[PDB]
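In order, the protein sequences belong to chains A and B. Residues in the first sequence are numbered from 1 upward in steps of one, following our numbering. Residues in the second sequence are numbered from 1 upward in steps of one, following our numbering. Backbone N, C-alpha and C define an ideal beta-carbon position, used for all residues, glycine too. Reading through the structure tokens given below for one structure.
There are 2 protein chains.
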Amino acid sequence: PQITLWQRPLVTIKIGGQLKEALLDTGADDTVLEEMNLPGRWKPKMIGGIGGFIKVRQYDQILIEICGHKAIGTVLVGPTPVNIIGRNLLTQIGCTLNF
Amino acid sequence: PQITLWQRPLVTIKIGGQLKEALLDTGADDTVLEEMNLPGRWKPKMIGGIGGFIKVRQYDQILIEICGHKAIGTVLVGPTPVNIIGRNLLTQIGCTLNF
Ligand SMILES: CC(C)[C@H](NC(=O)OCc1ccccc1)C(=O)N[C@@H](Cc1ccccc1)C(O)[C@H](Cc1ccccc1)NC(=O)[C@@H](NC(=O)OCc1ccccc1)C(C)C
Numbered sequence: 001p002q003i004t005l006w007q008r009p010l011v012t013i014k015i016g017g018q019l020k021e022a023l024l025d026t027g028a029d030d031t032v033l034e035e036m037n038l039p040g041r042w043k044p045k046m047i048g049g050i051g052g053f054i055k056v057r058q059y060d061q062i063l064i065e066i067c068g069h070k071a072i073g074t075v076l077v078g079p080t081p082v083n084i085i086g087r088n089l090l091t092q093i094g095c096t097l098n099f
Numbered sequence: 001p002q003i004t005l006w007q008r009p010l011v012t013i014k015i016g017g018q019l020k021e022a023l024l025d026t027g028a029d030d031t032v033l034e035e036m037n038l039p040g041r042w043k044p045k046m047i048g049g050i051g052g053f054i055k056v057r058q059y060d061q062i063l064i065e066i067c068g069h070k071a072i073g074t075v076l077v078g079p080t081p082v083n084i085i086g087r088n089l090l091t092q093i094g095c096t097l098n099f
């Protein structure tokens with residue numbers, strides 16, 4: 001799908017048997033999503049954006065059905081305003097920037 | 001251009017007689033550039049990112065050449081670790097997310 005940027009590139013993701021909406025962020029190196037009930041064993045981790053640094057939990061090996069397309073990777077959970085599909089899954093679904 | 005997301009999508013800009021590298025970012029509705037000498041009246045404003053809210057100075061009607069493509073926009077100068085080109089100019093240079 002070709003998404004233009006007049007409006008926030010929000011997508012539909014099915015993760016953890018839960019449906020969520022998420023920004024497609026080429027600016028984040030990492031996928032970070034808001035608090036959500038999720039299976040597994042996690043690790044502490046912190047990430048930084050503008051303003052500061054949040055303490056996330058890292059879940060390695062998670063399946064997301066992004067835009068009705070799948071990938072498996074690292075989903076970090078923590079204090080975000082929006083769910084961010086970062087570059088480590090974007091490459092997996094084969095997304096690119098074009099101009 | 002076709003940009004794959006495997007590396008961090010930095011690119012060259014020319015803002016105010018100066019030459020810089022900027023993250024092309026779909027997750028920002030705004031171009032926030034680090035501090036530099038920009039000449040003009042500026043408003044304050046404040047934006048949110050993952051960790052907080054930065055106090056930044058609005059410059060409106062500034063010309064940038066992002067990849068050879070000039071475009072006029074509003075540009076925020078303030079405390080960021082990276083220059084970000086947001087959707088307010090990404091629309092303008094014709095950029096499109098894709099998969
Ligand atoms: C650049 C900001 C103006 C932009 N915020 C934004 O557009 O908010 C709207 C707003 C407008 C008016 C009033 C209030 C709010 C933003 O933070 N956008 C995010 C995605 C987002 C959108 C809304 C809220 C929160 C997040 C993302 O682009 C940044 C860019 C960026 C990239 C690299 C470094 C710094 C900034 N990456 C991030 O913040 C990611 N960091 C990242 O991946 O960086 C790696 C790294 C970390 C630390 C040190 C070096 C490198 C996080 C998602 C983890």
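Can you name, in chain order, every residue of its own chain whose Cβ lies under 7 Å from the Cβ of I66(A), other than the five neighbours on each side? The residue given as residue 66(A) occupies position 66 in the first sequence. Once the five neighbours on either side are set aside, the close Cβ partners of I66(A) are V11, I13, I85, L89, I93.
Please state whether DSSP places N83(B) in a helix, a strand or coil. Residue mapping note: residue 83(B) aligns to position 83 of the second sequence, counting from 1. Residue state, collapsed to three classes: strand.
State whether the segment 15–35 of chain B contacts the segment 52–70 of chain B, with contact taken as three or more CB pairs (one from each stretch) at a distance under 8 Å. Taking one beta carbon from each stretch, the segment 15–35 of chain B and the segment 52–70 of chain B have 3 or more pairs nearer than 8 Å; the two touch.
Cβ neighbours of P39(B) in the same chain (closer than 8 Å, five flanking residues each side left out): Reading the second sequence from its first residue, position 39 is the one you call residue 39(B). Answer for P39(B): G16, listed in chain order.
Span of the beta strand (DSSP E) holding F53(A)? As a first step, residue 53(A) is located in the first sequence; it is residue number 53 there, counting from the start. Counting along the chain, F53(A) sits inside the beta strand (DSSP E) bounded by residues 53–66.
CA-CA distance, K55(B) and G49(A)? For the purposes of this step, residue 55(B) is taken as residue 55 along the second sequence, with counting starting at 1. For the purposes of this step, residue 49(A) is taken as residue 49 along the first sequence, with counting starting at 1. Distance between the alpha carbons of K55(B) and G49(A): 14 Å.
Would you check whether ligand 1 has a heavy atom nearer than 7 Å to the C-beta of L89(B)? As a working mapping, residue 89(B) is identified with position 89 in the second sequence. It does not: the Cβ of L89(B) is nowhere closer than 7 Å to a heavy atom of ligand 1.
What does the alpha-carbon distance come out to for the pair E35(B) and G68(B)? Against the second sequence, residue 35(B) aligns to sequence position 35. Against the second sequence, residue 68(B) aligns to sequence position 68. Distance between the alpha carbons of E35(B) and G68(B): 23 Å.
6 Å CB neighbourhood of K20(B) in its chain, flanking five on each side removed: Reading the second sequence from its first residue, position 20 is the one you call residue 20(B). Same-chain partners within the cutoff: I13, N83.
Tell whether a beta-carbon distance below 8 Å holds between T26(A) and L76(B). Translated into positions along the first sequence, residue 26(A) becomes position 26. Translated into positions along the second sequence, residue 76(B) becomes position 76. Taking 8 Å as the Cβ cut-off, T26(A) and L76(B) do not qualify as a contacting pair.
Around the C-beta of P79(A), are 16 or more other C-beta atoms found within 10 angstroms, so that it is buried, or is it exposed? Walking along the first sequence from the start, residue 79(A) turns up at place 79. The residue is exposed, with fewer than 16 neighbouring Cβ atoms inside 10 Å.
Going by Cα to Cα distance, which pick from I3(B), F99(B), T91(B), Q7(B) is closest to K70(B)? Stepping through the second sequence from its first residue, residue 70(B) is reached at position 70. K70(B) has its Cα closest to that of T91(B), out of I3(B), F99(B), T91(B), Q7(B).
Which of helix, strand or coil does DSSP assign to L90(A)? Your numbering for residue 90(A) matches position 90 in the first sequence. Three-state DSSP puts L90(A) in a helix.
At a Cβ cut of 9 Å, what residues of the segment 38–61 of chain A count as close to chain B, listed as they run along the chain? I47, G48, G49, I50, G51, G52, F53, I54
Between the CA atoms of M46(A) and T74(B) - distance to the nearest angstrom: Residue mapping note: residue 74(B) aligns to position 74 of the second sequence, counting from 1. Residue mapping note: residue 46(A) aligns to position 46 of the first sequence, counting from 1. Distance between the alpha carbons of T74(B) and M46(A): 31 Å.
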